[PDB]
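Working notes for the structure below.
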Amino acid sequence: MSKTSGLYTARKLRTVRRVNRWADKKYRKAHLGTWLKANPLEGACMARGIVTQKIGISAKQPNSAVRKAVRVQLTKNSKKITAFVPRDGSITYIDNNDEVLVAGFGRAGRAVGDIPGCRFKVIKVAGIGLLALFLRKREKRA
Amino acid sequence: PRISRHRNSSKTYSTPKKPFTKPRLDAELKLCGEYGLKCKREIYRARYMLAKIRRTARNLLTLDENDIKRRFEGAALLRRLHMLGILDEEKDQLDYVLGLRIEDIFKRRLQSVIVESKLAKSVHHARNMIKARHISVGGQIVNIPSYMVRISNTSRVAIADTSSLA
Amino acid sequence: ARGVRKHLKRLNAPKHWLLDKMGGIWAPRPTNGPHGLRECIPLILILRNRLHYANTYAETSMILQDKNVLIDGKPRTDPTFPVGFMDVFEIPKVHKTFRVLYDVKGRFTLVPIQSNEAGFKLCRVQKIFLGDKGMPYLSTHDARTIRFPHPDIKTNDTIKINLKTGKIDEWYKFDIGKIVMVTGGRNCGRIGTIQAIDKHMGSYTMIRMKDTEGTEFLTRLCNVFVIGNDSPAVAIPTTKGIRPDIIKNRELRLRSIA
Amino acid sequence: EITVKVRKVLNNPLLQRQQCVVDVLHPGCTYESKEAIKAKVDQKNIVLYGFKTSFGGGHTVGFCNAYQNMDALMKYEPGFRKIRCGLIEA
RNA sequence: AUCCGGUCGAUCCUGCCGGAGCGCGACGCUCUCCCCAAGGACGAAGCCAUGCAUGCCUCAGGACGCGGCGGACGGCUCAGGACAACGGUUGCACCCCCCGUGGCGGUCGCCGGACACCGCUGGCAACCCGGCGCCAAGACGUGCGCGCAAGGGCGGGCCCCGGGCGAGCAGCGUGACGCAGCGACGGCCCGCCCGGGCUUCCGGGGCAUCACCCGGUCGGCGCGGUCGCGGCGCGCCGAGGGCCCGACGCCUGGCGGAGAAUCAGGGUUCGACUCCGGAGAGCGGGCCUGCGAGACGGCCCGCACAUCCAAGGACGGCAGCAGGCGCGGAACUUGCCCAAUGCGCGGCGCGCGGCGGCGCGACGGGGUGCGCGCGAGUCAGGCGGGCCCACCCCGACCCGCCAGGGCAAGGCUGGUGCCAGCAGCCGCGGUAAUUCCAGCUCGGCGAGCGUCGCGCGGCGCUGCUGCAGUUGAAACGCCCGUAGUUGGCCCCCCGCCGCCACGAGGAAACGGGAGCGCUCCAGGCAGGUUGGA
Ligand SMILES: [K+]
Ligand SMILES: [K+]
Ligand SMILES: [K+]
Ligand SMILES: [K+]
Ligand SMILES: [K+]
Ligand SMILES: [K+]
Ligand SMILES: [K+]
Ligand SMILES: [K+]
Ligand SMILES: [K+]
Ligand SMILES: [K+]
Ligand SMILES: [K+]
Ligand SMILES: [K+]
Ligand SMILES: [K+]
Ligand SMILES: [K+]
Ligand SMILES: [K+]
Ligand SMILES: [K+]
Ligand SMILES: [K+]
Ligand SMILES: [K+]
Ligand SMILES: [K+]
Ligand SMILES: [K+]
Ligand SMILES: [K+]
Ligand SMILES: [K+]
Ligand SMILES: [K+]
Ligand SMILES: [K+]
Ligand SMILES: [K+]
Ligand SMILES: [K+]
Ligand SMILES: [K+]
Ligand SMILES: [K+]
Ligand SMILES: [K+]
Ligand SMILES: [K+]
Ligand SMILES: [K+]
Ligand SMILES: [K+]
Ligand SMILES: [K+]
Ligand SMILES: [K+]
Ligand SMILES: [K+]
Ligand SMILES: [K+]
Ligand SMILES: [K+]
Ligand SMILES: [K+]
Ligand SMILES: [K+]
Ligand SMILES: [K+]
Ligand SMILES: [K+]
Ligand SMILES: [K+]
Ligand SMILES: [K+]
Ligand SMILES: [K+]
Ligand SMILES: [K+]
Ligand SMILES: [K+]
Ligand SMILES: [K+]
Ligand SMILES: [K+]
Ligand SMILES: [K+]
Ligand SMILES: [K+]
Ligand SMILES: [K+]
Ligand SMILES: [K+]
Ligand SMILES: [K+]
Ligand SMILES: [K+]
Ligand SMILES: [K+]
Ligand SMILES: [K+]
Ligand SMILES: [K+]
Ligand SMILES: [K+]
Ligand SMILES: [K+]
Ligand SMILES: [K+]
Ligand SMILES: [K+]
Ligand SMILES: [K+]
Ligand SMILES: [K+]
Ligand SMILES: [K+]
Ligand SMILES: [K+]
Ligand SMILES: [K+]
Ligand SMILES: [K+]
Ligand SMILES: [K+]
Ligand SMILES: [K+]
Ligand SMILES: [K+]
Ligand SMILES: [K+]
Ligand SMILES: [K+]
Ligand SMILES: [K+]
Ligand SMILES: [K+]
Ligand SMILES: [K+]
Ligand SMILES: [K+]
Ligand SMILES: [K+]
Ligand SMILES: [K+]
Ligand SMILES: [K+]
Ligand SMILES: [K+]
Ligand SMILES: [K+]
Ligand SMILES: [K+]
Ligand SMILES: [K+]
Ligand SMILES: [K+]
Ligand SMILES: [K+]
Ligand SMILES: [K+]
Ligand SMILES: [K+]
Ligand SMILES: [K+]
Ligand SMILES: [K+]
Ligand SMILES: [K+]
Ligand SMILES: [K+]
Ligand SMILES: [K+]
Ligand SMILES: [K+]
Ligand SMILES: [K+]
Ligand SMILES: [K+]
Ligand SMILES: [Mg+2]
Ligand SMILES: [Mg+2]
Ligand SMILES: [Mg+2]
Ligand SMILES: [Mg+2]
Ligand SMILES: [Mg+2]
Ligand SMILES: [Mg+2]
Ligand SMILES: [Mg+2]
Ligand SMILES: [Mg+2]
Ligand SMILES: [Mg+2]
Ligand SMILES: [Mg+2]
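Line by line, the protein sequences are chains X, J, E and Y. Throughout the first sequence, residue numbering follows PDB author numbering, covering 1 to 142 in sequence. Throughout the second sequence, residue numbering follows PDB author numbering, covering 2 to 167 in sequence. Throughout the third sequence, residue numbering follows PDB author numbering, covering 2 to 259 in sequence. Throughout the fourth sequence, residue numbering follows PDB author numbering, covering 3 to 43, 51 to 99 in sequence.
Structure below.
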């Protein structure tokens, strides 16, 4: 019957499911424990760090552009990341020592769109929300 | 702990699963037009309050006509549905509960009752008059547009004796 | 812990006390005495919670300091004193005498009784044993002790005690066809006649009884109290140990607001 | 005001008092105080407390402790209610 | 009990990627009124200035002191610990227990002296103490008394089977020891009660790139120790004990349950925190006093850290309540009070707990009009409250956040010209852009909307119900074969399993659910003979 039947086979039916559960990439990513170790944010929604550089990144094949990003050192584990800055003209609030709050792009650690090697993005600069800085609701000191 | 930790609370509405469906999007605003509804939540609440009384009946109807659970809870459900006027006397069968719509629930609101007896010209004027403490239920001043009026208490809906319209 | 418990949270109090879950973090903890924690009621829960002679704890104390309450003929000055099944409850200044029994929902009720009845008590023989220098003793459901009992009295019988001398004047034997009342479980409070006794070697002995309308029920032998011989030796509530079904109870409830 | 009624009267010769629930009816107007309606419910042995007004007005419910002696009130009454009536003030 | 966009010139599939719902936190923007309500848990059980968290009543005006009861309960936390703990279910004929409530009470003439508070003198930086002296008891000490505390030797029947059992159990008699406890205001002792200690059966995480493991380990005999049984410890004797029905080892950002999130049915995931149980108090150990502690708002020692100082010494433990530092994406006042609910002593005590303050974590109700009267505010009096306030009553004045090509509801002008930028996915932009930046208009949800991460759903892409294996990923090259799983037909009316039904017994809160107009409502257990089934 391609599966075992019979009134006394509960142990086998449970062993098979336990073994074949690991064959799914989603389950293996969320349950094995290697992704939690390798995750730069250590399983958190966001993380703060200091900017070490400003950079421009080429887009992928069918598009043509220079995307604006920053290399960031993490406070809590001293890892190296790169984070994207959205919203036209926003790369002008980022001095080379500016505490930044950084979150993900969505897709839970996968690159999106046309930016090669980018999985994070800046949401706050030196204490102030970057979106409200673009919408002209608050301003930086000087 | 503090005593307040033992107090219960609950959500009383369910949002739909596909938000951007056109036919129920305009069917949902004809309802906001025939009744002075503030926002979509007051529709959601209604459907939620239907979805429970529909779950009970279908549980008892799967049972047998002579079981005590049917004899007890179906009688309780019918006795509760007849006092609020959500269901009428001539339908005293548990199978008459399943074909109920939301409009039956909306028709027993105080805002709707006062419109029926023509105390208010429209439903919007009725809502305004409700907020102004201008209407009493059984000699008791009721401020709530969403108030649910029992058939016992529908003979006795008036303007309040204390009022500027008296 | 490192020692005995002296507190009792409100949600952890026995469910037949009918305590309400707001209005307090704590509940009274019954003091040790004639009755256990689970099968009792703290005395305060009658004077304040039920009869409203007092309205707070502090003014419930002063009623019991000046000794206005007698339990089995003695003034108890302790608010968490455990009063329980068959205890005589007499308040003289209001001339109220009660006997503490169970109702048909397993809760304590007070039954008015006459001055010709409050001078005696029914106890259940819990055990016979040899004490010091080999003398015989019997122990009851009230933590009472009697030396040199008449040899006929055996375990599970009930005895009748005058409430001033503290001696025995009558006894009822546990048999077939005796009138009985259940003191705990889930048939607590209802009254019937014994029609079976099934012993199981090593294990519990079960009793089958039958009400006065003929309803039959079962329980353990540790829960059946004899109240007489085909006629109850005492007074019982108006319902007389007949338990309605939920439908008839509902129609009686509908009739009260009617 | 013009309408004062009482129910749930319990005589308590242990605390030397009588306990009551009082309903006050004042359609349209206020009832001005408890010190006012104290006449309808001697006067100095009446202890009035726990008064609530319903929504819209017109109804009030409260509680009465009516003592018989005067030592009884200084003995069995909480030490802050005797200051709300001006009887001690410390 | 629902799907939709993306592989091609076009087409049907497999298959994933993306979208659409609910919940929990964090971030952004924004906020009129009222009710309910969580709040330094998240590999830092990291470190702590200051104040508070435990007191209340026999002998003289009172304090003070002596004596007594309590401080082992209550509060905090989740570090350790995976055949533990914990949940249901048994037992002690192997046990200990304060208070309280019943009992019981037979034991080979009013005694003594001395300690603190206190006087007189001192030492010391301060912590803390010394010397001499008059004085009491419901404190000790010794005791007046009809002999009886522990332990011990004999008192059983050689198919099979009341004092009290299912069960030879408990008492008593009689020979020897012993001289305990209770007696200077009469209590040793006994039953119950609550509580504890262990204990029977079933349940009780992952990894096989951990296949063999253990040697007081498995059993027996004898003593010791314990409240008590027991390899619990010690001497002697034997070689046992566990394992693919997964032992042993390793790992866990592992406290368990009652429960919670999601939602056709079957399921998946999480169990910091309210109740119940366990464990700890910087980390190891040790102990005294007591009925009860291996106690940390008790003591002693080692270690790691701090504190004052005349340099001789003395001295500490916020995972209590506030508060601070550090850390982190992430979490409030150094408030008032014993009035309530309860606990200790009886009149007090109590950072238990209660009341206010901060509080868009989250819940519930009502507004920004209607065809012409209101609420939000203001000032007074009530009501309430430990005292003030909020609510209620009477009197006189008076949005926003995201979008607009498709998925997916909603389309004209200027700027920019593969640049700037958008875009979860398809894609958009090359100087006519339905998508960038703006203006107008329009759409959705709405005092609340968007973004990030995670759980559940979507998903019959984990499949027991219920997937796939000719060619899309997938039948071992073949035969034998143990454990495992499975096994034709037949006798009915016995026994022993399983299985179905009905009972008994044990916890509430949660979850359902009968009845009841907190003005409705989230609630609560109310109420007008009652009720909480
Ligand atoms: K198959
Ligand atoms: K299959
Ligand atoms: K198979
Ligand atoms: K089988
Ligand atoms: K499989
Ligand atoms: K504990
Ligand atoms: K103890
Ligand atoms: K204790
Ligand atoms: K409680
Ligand atoms: K409670
Ligand atoms: K509680
Ligand atoms: K107590
Ligand atoms: K489904
Ligand atoms: K396609
Ligand atoms: K093709
Ligand atoms: K396809
Ligand atoms: K923390
Ligand atoms: K912690
Ligand atoms: K975590
Ligand atoms: K977190
Ligand atoms: K911390
Ligand atoms: K003690
Ligand atoms: K102590
Ligand atoms: K805390
Ligand atoms: K833990
Ligand atoms: K104790
Ligand atoms: K065990
Ligand atoms: K066991
Ligand atoms: K066990
Ligand atoms: K087990
Ligand atoms: K494994
Ligand atoms: K050995
Ligand atoms: K041994
Ligand atoms: K040995
Ligand atoms: K050996
Ligand atoms: K294993
Ligand atoms: K942990
Ligand atoms: K289901
Ligand atoms: K499943
Ligand atoms: K299910
Ligand atoms: K499903
Ligand atoms: K918490
Ligand atoms: K805890
Ligand atoms: K807990
Ligand atoms: K608890
Ligand atoms: K507990
Ligand atoms: K506990
Ligand atoms: K605990
Ligand atoms: K502990
Ligand atoms: K520790
Ligand atoms: K320590
Ligand atoms: K330690
Ligand atoms: K230690
Ligand atoms: K220690
Ligand atoms: K102990
Ligand atoms: K120790
Ligand atoms: K220790
Ligand atoms: K402190
Ligand atoms: K902690
Ligand atoms: K505080
Ligand atoms: K910080
Ligand atoms: K910070
Ligand atoms: K108090
Ligand atoms: K005590
Ligand atoms: K407090
Ligand atoms: K007005
Ligand atoms: K006003
Ligand atoms: K005006
Ligand atoms: K106005
Ligand atoms: K006006
Ligand atoms: K845009
Ligand atoms: K995405
Ligand atoms: K998509
Ligand atoms: K697409
Ligand atoms: K153009
Ligand atoms: K799935
Ligand atoms: K599913
Ligand atoms: K499904
Ligand atoms: K198949
Ligand atoms: K392949
Ligand atoms: K292959
Ligand atoms: K292949
Ligand atoms: K094959
Ligand atoms: K194979
Ligand atoms: K083979
Ligand atoms: K074969
Ligand atoms: K074979
Ligand atoms: K085989
Ligand atoms: K087999
Ligand atoms: K099998
Ligand atoms: K088999
Ligand atoms: K077969
Ligand atoms: K069965
Ligand atoms: K309970
Ligand atoms: K009655
Ligand atoms: Mg504790
Ligand atoms: Mg050997
Ligand atoms: Mg748990
Ligand atoms: Mg827990
Ligand atoms: Mg906490
Ligand atoms: Mg402690
Ligand atoms: Mg310790
Ligand atoms: Mg931070
Ligand atoms: Mg409202
Ligand atoms: Mg599935």
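Where is the CB? At the ideal position from N, CA and C, for every residue including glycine.
Residue 168 (chain J) beta carbon near ligand 79 (any heavy atom closer than 7 Å): Since the first residue of chain J shown is 2 and the last is 167, residue 168 (chain J) is not available in this structure.
Local conformation of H68 (chain Y) per DSSP, three classes: Residue 68 (chain Y) sits at position 59 when you count from the first residue of the fourth sequence. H68 (chain Y) falls in the strand class under three-state DSSP.
8 Å CB neighbourhood of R49 (chain E) in its chain, flanking five on each side removed: Against the third sequence, residue 49 (chain E) aligns to sequence position 48. For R49 (chain E), same chain residues with a beta-carbon under 8 Å away, outside a window of 5 residues either side, are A55, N56, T57, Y58, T61 in chain order.
CA-to-CA distance, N54 (chain Y) to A75 (chain Y), given in whole angstroms: Taking the fourth sequence and counting its residues from 1, the one referred to as residue 75 (chain Y) is at position 66. Taking the fourth sequence and counting its residues from 1, the one referred to as residue 54 (chain Y) is at position 45. Cα to Cα, the separation comes out at about 6 Å.
Within chain Y, the residues that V181 (chain E) reaches when beta carbons sit closer than 9 Å: Along the third sequence, read from residue 1 onward, the residue named residue 181 (chain E) stands at position 180. Ordered by position in chain Y, no residue passes the 9 Å Cβ test against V181 (chain E), which lies about 37 Å from the chain.
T4 (chain X), buried or exposed, once every other Cβ within 10 Å from all chains shown has been counted against 16: Working through the first sequence from its first residue, we reach residue 4 (chain X) at position 4. Per the 10 Å Cβ criterion, exposed.
Cross-chain neighbours of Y76 (chain Y) in chain E, by beta carbon under 8 Å: The residue you call residue 76 (chain Y) lines up with position 67 of the fourth sequence. The premise fails here: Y76 (chain Y) is roughly 13 Å from chain E at the closest Cβ pair, so nothing lies under 8 Å.
Test item: CB-CB of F86 (chain E) and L102 (chain E) under 8 Å: For this step, residue 86 (chain E) is matched to residue 85 along the third sequence. For this step, residue 102 (chain E) is matched to residue 101 along the third sequence. Between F86 (chain E) and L102 (chain E), the C-beta gap is smaller than 8 Å, which places the two residues in contact.
Residues surrounding ligand 72 [beta-carbon distance to nearest heavy atom under 6 Å]: The set of residues with CB atoms less than 6 Å from any heavy atom of ligand 72 reads, in chain order, X:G106, X:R107.
Chain-ordered residues, beta carbon under 7 Å from a heavy atom of ligand 2: With 7 Å as the limit, the residues whose C-beta approaches any heavy atom of ligand 2 more closely are X:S2, X:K3, in sequence along the chain.
Integer Cβ distance of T156 (chain E) from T81 (chain E), believed to fall under 8 Å: Within the third sequence, numbered from 1, the residue matching residue 156 (chain E) stands at position 155. Within the third sequence, numbered from 1, the residue matching residue 81 (chain E) stands at position 80. The C-beta separation of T156 (chain E) from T81 (chain E) comes to about 31 Å, leaving the pair out of contact by the 8 Å criterion.
Separation of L95 (chain J) from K122 (chain J), as counted between CA atoms: Here the question's residue 122 (chain J) lines up with position 121 in the second sequence. Here the question's residue 95 (chain J) lines up with position 94 in the second sequence. Cα to Cα, the separation comes out at about 37 Å.
Below-8 Å beta-carbon distance, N69 (chain E) vs any chain Y residue: Your numbering for residue 69 (chain E) matches position 68 in the third sequence. Closer than 8 Å: yes.
Cβ distance (whole Å) where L164 (chain E) is taken to contact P150 (chain E) below 8 Å: Working through the third sequence from its first residue, we reach residue 164 (chain E) at position 163. Working through the third sequence from its first residue, we reach residue 150 (chain E) at position 149. Not confirmed; about 18 Å, so no contact.
Test: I160 (chain J) CB closer than 8 Å to a CB of chain Y: Here residue 160 (chain J) is taken as the residue at index 159 of the second sequence, counted from 1. It does not; no Cβ of chain Y falls within 8 Å.
C-beta neighbour in chain Y for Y54 (chain E), strict 8 Å: Taking the third sequence and counting its residues from 1, the one referred to as residue 54 (chain E) is at position 53. Yes, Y54 (chain E) lies at the interface with chain Y (some Cβ there is under 8 Å from its Cβ).
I103 (chain J) to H126 (chain J) span [Cα, whole Å]: As a first step, residue 103 (chain J) must be located in the second sequence, where it is residue number 102. As a first step, residue 126 (chain J) must be located in the second sequence, where it is residue number 125. For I103 (chain J) and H126 (chain J), the gap between their C-alpha atoms comes out near 23 Å.
Closest residue to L222 (chain E) among E:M207, E:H8, E:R254, E:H96 (Cα-Cα distance): If you number the third sequence from 1, residue 222 (chain E) lands on position 221. It is E:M207.
Counted within 10 angstroms of its Cβ, other Cβ atoms place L131 (chain E) as buried (16 or more) or exposed: Within the third sequence, the letter at position 130 stands for residue 131 (chain E). Exposed, because fewer than 16 other Cβ atoms sit within 10 Å of the Cβ of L131 (chain E).
Straight-line Cα distance separating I228 (chain E) from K200 (chain E): Residue mapping note: residue 200 (chain E) aligns to position 199 of the third sequence, counting from 1. Residue mapping note: residue 228 (chain E) aligns to position 227 of the third sequence, counting from 1. Cα-Cα distance, rounded: 22 Å.
Interface residues of chain Y facing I142 (chain J) [CB-CB closer than 9 Å]: On the second sequence, position 141 is the one that residue 142 (chain J) refers to. Under a criterion of Cβ atoms nearer than 9 Å, the residues of chain Y adjacent to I142 (chain J) are, in order, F64, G65, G66, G67.
Residue-chain proximity (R72 (chain J), chain E), Cβ-Cβ < 8 Å: The residue you call residue 72 (chain J) lines up with position 71 of the second sequence. Chain E, which has a Cβ nearer than 8 Å to the Cβ of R72 (chain J), makes this yes.
Whole-angstrom distance between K53 (chain J) and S147 (chain J), CA atom to CA atom: Counting from one through the second sequence, the residue named residue 147 (chain J) turns up at place 146. Counting from one through the second sequence, the residue named residue 53 (chain J) turns up at place 52. Their Cα atoms are separated by approximately 19 Å.
Segment contact flag, the stretch 26-39 of chain J with the stretch 84-91 of chain J, C-beta cutoff 8 Å, min 3 pairs: Proximity of the stretch 26-39 of chain J to the stretch 84-91 of chain J falls short of the contact definition, fewer than three beta-carbon pairs being nearer than 8 Å.
Where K18 (chain J) falls, given that 16 or more other Cβ within 10 Å makes a residue buried: Residue numbering aside, residue 18 (chain J) sits at position 17 when the second sequence is read from its first letter. Under this definition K18 (chain J) is an exposed residue.
Inter-stretch contact at 8 Å, needing at least 3 Cβ pairs: the stretch 19-30 of chain J / the stretch 60-74 of chain J: Flag = no, the stretch 19-30 of chain J and the stretch 60-74 of chain J do not touch.
Other residues of its chain near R28 (chain X): CB distance less than 8 Å, five sequence neighbours each side excluded: In the first sequence, counting from the first residue as 1, residue 28 (chain X) sits at position 28. Excluding residues up to 5 positions away in sequence, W22 lie with their Cβ nearer than 8 Å to the Cβ of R28 (chain X) in the same chain.
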